[PDB]
Amino acid sequence: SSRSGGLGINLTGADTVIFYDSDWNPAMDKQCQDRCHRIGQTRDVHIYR
DNA sequence: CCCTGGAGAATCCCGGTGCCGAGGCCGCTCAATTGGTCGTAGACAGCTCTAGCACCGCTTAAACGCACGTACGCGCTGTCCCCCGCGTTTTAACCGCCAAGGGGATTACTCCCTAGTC
Ligand SMILES: [Mg+2]
């Protein structure tokens with residue numbers, strides 16, 4: 001869920017982010033899309049919307 | 001047979017800080033006092049009248065003892081069934097998020113209402 005899990009979370013294993021739906025303001029979108037590539041992402045993170 | 005040391009847990013209780021509202025203070029304010037009237041209704045007899053206090057002697061109708069007797073409230077036995085304490089799950093309000101009107105005030109342009117003198 002874009003709210004319960006959209007805030008600070010340390011997922012690193014996945015290298016791809018999928019945005020099934022958009023949520024108005026882009027702040028939450030950027031918070032969601034940065035839950036994978038934060039520090040330990042050793043591979044390029046691909047984001048699809 | 002039944003009593004309890006220990007333990008689990010609910011109670012009583014006063015620190016101990018934050019809050020919102022009980023009470024005080026301020027500014028109107030309207031209704032109880034008070035002058036009178038004038039006439040209304042109840043206190044004061046008064047005549048009346050009407051039901052009750054006590055009395056008399058009966059009359060068996062109820063009231064009470066005695067004896068039989070007998071069955072039911074209560075206390076004994078047993079089982080059984082069903083509701084509670086606890087553990088797990090799901091409705092149930094409440095508070096945040098967003099983009100759009102509604103509108104109420106709020107101020108800007110302006111435009112007619114107002115009023116002066118060569
Ligand atoms: Mg953080």
# chains A, B, ... in the order shown; residues from 1 in each chain; ligands from 1
$ closest_atom_pairs --of "chain A" --to "chain B" --cutoff "10 Å" --atoms "only C-alpha atoms (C1' of nucleotides)" --output "tab-separated table"
residue	atom	partner	partner_atom	distance
A:3	CA	B:97	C1'	10.0
A:23	CA	B:98	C1'	8.9
A:24	CA	B:98	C1'	7.3
A:25	CA	B:98	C1'	8.5
$ residues_near_ligand --ligand "ligand 1" --cutoff "10 Å" --atoms "only C-alpha atoms (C1' of nucleotides) and all ligand atoms" --output "ChimeraX atom specification"
/A:7-10,31
$ select_by_dssp --residues "chain A" --states "alpha helix (DSSP H)" --output "ChimeraX atom specification"
/A:26-33
$ write_last_selection --atoms "N, CA, C and O atoms" --output "short mmCIF file (atom, residue, chain, number, x, y, z; two decimals), in the first residue's frame"
data_model
loop_
_atom_site.label_atom_id
_atom_site.label_comp_id
_atom_site.auth_asym_id
_atom_site.auth_seq_id
_atom_site.Cartn_x
_atom_site.Cartn_y
_atom_site.Cartn_z
N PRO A 26 3.21 14.57 -6.01
CA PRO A 26 4.36 13.71 -6.30
C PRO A 26 5.26 13.44 -5.11
O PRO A 26 6.19 12.63 -5.23
N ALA A 27 5.04 14.10 -3.97
CA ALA A 27 5.88 13.86 -2.80
C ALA A 27 5.77 12.41 -2.34
O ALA A 27 6.79 11.74 -2.10
N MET A 28 4.54 11.90 -2.22
CA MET A 28 4.35 10.51 -1.86
C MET A 28 4.91 9.57 -2.92
O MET A 28 5.43 8.50 -2.59
N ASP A 29 4.82 9.96 -4.20
CA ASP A 29 5.38 9.13 -5.26
C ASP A 29 6.89 9.01 -5.13
O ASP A 29 7.45 7.91 -5.26
N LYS A 30 7.57 10.12 -4.85
CA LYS A 30 9.02 10.07 -4.69
C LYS A 30 9.40 9.31 -3.42
O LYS A 30 10.41 8.59 -3.40
N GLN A 31 8.61 9.46 -2.36
CA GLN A 31 8.86 8.69 -1.14
C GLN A 31 8.72 7.19 -1.41
O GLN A 31 9.49 6.38 -0.88
N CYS A 32 7.73 6.82 -2.22
CA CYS A 32 7.52 5.41 -2.55
C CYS A 32 8.66 4.87 -3.41
O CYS A 32 9.19 3.79 -3.15
N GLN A 33 9.04 5.62 -4.45
CA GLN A 33 10.02 5.13 -5.41
C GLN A 33 11.44 5.09 -4.84
O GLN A 33 12.31 4.49 -5.47
#
$ atom_distance --atom1 "atom CA of residue A:6" --atom2 "atom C1' of residue B:94"
22.4 Å
$ select_by_dssp --residues "stretch 5-47 of chain A" --states "strand (DSSP E or B)" --output "PDB file with N, CA, C and O atoms, in the first residue's frame"
ATOM      1  N   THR A  16      13.373  -3.148  -9.165  1.00  0.00           N
ATOM      2  CA  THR A  16      12.352  -2.549 -10.009  1.00  0.00           C
ATOM      3  C   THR A  16      11.190  -2.057  -9.159  1.00  0.00           C
ATOM      4  O   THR A  16      10.795  -2.709  -8.186  1.00  0.00           O
ATOM      5  N   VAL A  17      10.646  -0.904  -9.538  1.00  0.00           N
ATOM      6  CA  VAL A  17       9.488  -0.311  -8.881  1.00  0.00           C
ATOM      7  C   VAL A  17       8.399  -0.126  -9.926  1.00  0.00           C
ATOM      8  O   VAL A  17       8.669   0.355 -11.032  1.00  0.00           O
ATOM      9  N   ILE A  18       7.179  -0.532  -9.584  1.00  0.00           N
ATOM     10  CA  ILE A  18       6.021  -0.425 -10.462  1.00  0.00           C
ATOM     11  C   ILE A  18       4.988   0.455  -9.776  1.00  0.00           C
ATOM     12  O   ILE A  18       4.654   0.232  -8.606  1.00  0.00           O
ATOM     13  N   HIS A  46      15.124   0.440 -11.828  1.00  0.00           N
ATOM     14  CA  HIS A  46      14.234   0.827 -12.913  1.00  0.00           C
ATOM     15  C   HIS A  46      12.844   1.089 -12.351  1.00  0.00           C
ATOM     16  O   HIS A  46      12.321   0.278 -11.580  1.00  0.00           O
ATOM     17  N   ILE A  47      12.250   2.211 -12.744  1.00  0.00           N
ATOM     18  CA  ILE A  47      10.939   2.622 -12.260  1.00  0.00           C
ATOM     19  C   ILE A  47       9.998   2.744 -13.450  1.00  0.00           C
ATOM     20  O   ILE A  47      10.309   3.432 -14.428  1.00  0.00           O
TER      21      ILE A  47
END
$ residues_around --residues "residue A:41" --least-positions-apart "4" --cutoff "10 Å" --atoms "only C-alpha atoms (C1' of nucleotides)" --output "list in words"
residues 11, 12, 13, 14, 15, 36, 37 and 45 of chain A
$ atom_distance --atom1 "atom CA of residue A:49" --atom2 "atom CA of residue A:22"
8.0 Å
$ atom_distance --atom1 "atom CA of residue A:19" --atom2 "atom CA of residue A:5"
13.3 Å
